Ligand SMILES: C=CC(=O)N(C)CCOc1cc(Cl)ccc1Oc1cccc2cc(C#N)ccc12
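Quick setup: one chain, the form deposited without the ligand, written in structure tokens, and binding and motion questions come after.
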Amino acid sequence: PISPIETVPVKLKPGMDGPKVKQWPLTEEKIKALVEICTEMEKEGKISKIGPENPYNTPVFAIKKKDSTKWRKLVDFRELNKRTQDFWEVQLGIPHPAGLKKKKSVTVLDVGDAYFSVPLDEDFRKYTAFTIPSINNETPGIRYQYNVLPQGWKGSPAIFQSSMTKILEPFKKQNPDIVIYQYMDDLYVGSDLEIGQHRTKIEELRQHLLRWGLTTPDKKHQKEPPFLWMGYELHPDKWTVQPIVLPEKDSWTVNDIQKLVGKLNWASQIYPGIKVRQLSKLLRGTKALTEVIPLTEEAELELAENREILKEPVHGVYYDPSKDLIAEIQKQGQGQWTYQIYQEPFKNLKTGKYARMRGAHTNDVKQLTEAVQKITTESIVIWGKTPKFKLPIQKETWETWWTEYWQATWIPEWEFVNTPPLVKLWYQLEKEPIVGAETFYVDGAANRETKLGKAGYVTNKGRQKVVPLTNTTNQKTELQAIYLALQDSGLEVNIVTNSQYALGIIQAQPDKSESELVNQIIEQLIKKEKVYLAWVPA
């Protein structure tokens, strides 16, 4: 019955007390369901009948589980949770199907009644009390106290996992060849033993689990591929995600677009070159999760492209420790990047994408060295080793960035593939002042109160412009006098600003940014041949 596993000692944050929340009204359907589940769990010794303790009561409810016609009884334990001590969660992440080797013998086994099989500390069973309501109306209502782990408490996850470990441990010492993936109570058991011989150890693991009262039903015992594991359809040599159904609708509410972005983010780990930026910009602003957002033009063709990638079927492959890990990054435009991890051409381990904008003003070199750090950590997570990169940037284009940048920046062992479009810096700033160049001393300042600022420049040959502007700032006006030093000068110009803000935004070679002023400066720093900049505090 209830596992003979020892219990985990759980206390309440010093001073707090149990939940006296009432039992919110429930529909007769869920009333019947609750009474049936509760009657059987009573006979087994899962929930004990409660008498006159304190009046601890946490509400109960019930949802339909998976695709089954069975009901899952859950309990709103938000109140107990807030006053229960804190637990260090042990699950440090989810298992990915591409860190798994190809194995001739594999079984997927699931412990049934997983939480209601591990004991709960007796000196804490009180607080978990509940009041199954009445089928009629006000009949007293049988009230019980959970003896097993409740399906809604905060400590239940961590306690089950740490415990399932101490049950699988003696079996792991006996079988070093066996490979067990334990996610909560889902078990992936793989070895390169003979099928007839393998089965015999899947008949022995089951008995080891049963000795600790963990039944493994033979209805959810997947014995032959294609296995359904962690949302993936794992065939013996190839693995793929289970079918992904993108919603098809005419009107697109904010929540529908959020669902679409979520599905395409999930569908971007196997499908190549998935873009969501043109759709993810329809969620900036509107907060009404029901406003009917009309689909634009820059997003309709992007959604169509995403749908055409999801037309033909793709599949990954399994990790081969002998071979080498490669990552091929491609720039897709508008700050979007894609990457593919593989060991042989036209056979990918896992695909991906990077479209984050980490900063105010940044170029493609920094945005690529950020994607490199992402794939690097994802690989240390999945495979434990750094891959070798195939970045589309010239060796000297990165060498000049590495030696003319004040920050320490690295990319690990990488190599350059000549495929368009290559990442490049669109302009450069001279080291020494340019001989025979018009010099522009630019200065722009505003009045905090009146909000209008004057910005202008003084040159060495009479030219002297001053322009006023409104709704400005004592920094935004300064970064405008430079724009007036680029909009009148020829193909060669020397600029002497006075701001540490102006330089820093300019000295980092930006190529795109939110500020329409900075972007307009960048546009005219590109058509200029040899620009120079310097700062003098006078």
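Numbering starts at 1 and runs along the sequence shown.
One more form of this protein, solved in complex with the ligand, exists but is not displayed; see below.
Trainee: Classify as open or blocked. Procedure: superimpose site C-alphas, place the ligand with its pose in the entry with it bound, test each ligand atom against backbone and C-beta atoms at 2.4 Å; 3 or more hits mean blocked.
Mentor: Check flagged, pocket reads blocked.
Trainee: In the entry with it bound, does each residue in the set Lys101, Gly190 and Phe227 place a non-hydrogen atom within 4.5 angstroms of the ligand?
Mentor: Every residue of the spot touches the ligand in the entry with it bound.
Trainee: Might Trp252 be said to contact the ligand in the entry with it bound, defining contact as any heavy atom within 4.5 Å?
Mentor: Judged by the heavy-atom cut-off of 4.5 Å, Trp252 is well away from the ligand in the entry with it bound.
Trainee: Applying a 4.5 Å heavy atom distance criterion, does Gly141 contact the ligand in the entry with it bound?
Mentor: The answer is no: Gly141 has no heavy atom within 4.5 Å of the ligand.
Trainee: When the contact criterion is heavy atoms within 4.5 Å, does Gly273 count as touching the ligand in the entry with it bound?
Mentor: Contact with the ligand, no.
Trainee: With a cut-off of 4.5 Å between heavy atoms, is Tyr318 one of the residues that contacts the ligand in the entry with it bound?
Mentor: It does: once the ligand is placed as it appears in the entry with it bound, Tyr318 has a heavy atom within 4.5 Å of it.
Trainee: Partner absent here, but in the entry with it bound, which of 299-307, 121-129, 285-293, 231-239 has residues with a heavy atom within 4.5 Å of the ligand?
Mentor: Of the options, only 231-239 has residues within 4.5 Å of the partner.
Trainee: Between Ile202, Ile257, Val106, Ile329, only one gets a heavy atom within 4.5 angstroms of the ligand in the entry with it bound; which residue is that?
Mentor: Filtering the options by heavy-atom distance leaves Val106.
Trainee: Among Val458, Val179, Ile411, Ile135, which has at least one heavy atom within 4.5 Å of the ligand in the entry with it bound?
Mentor: Only one option qualifies, and that one is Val179.
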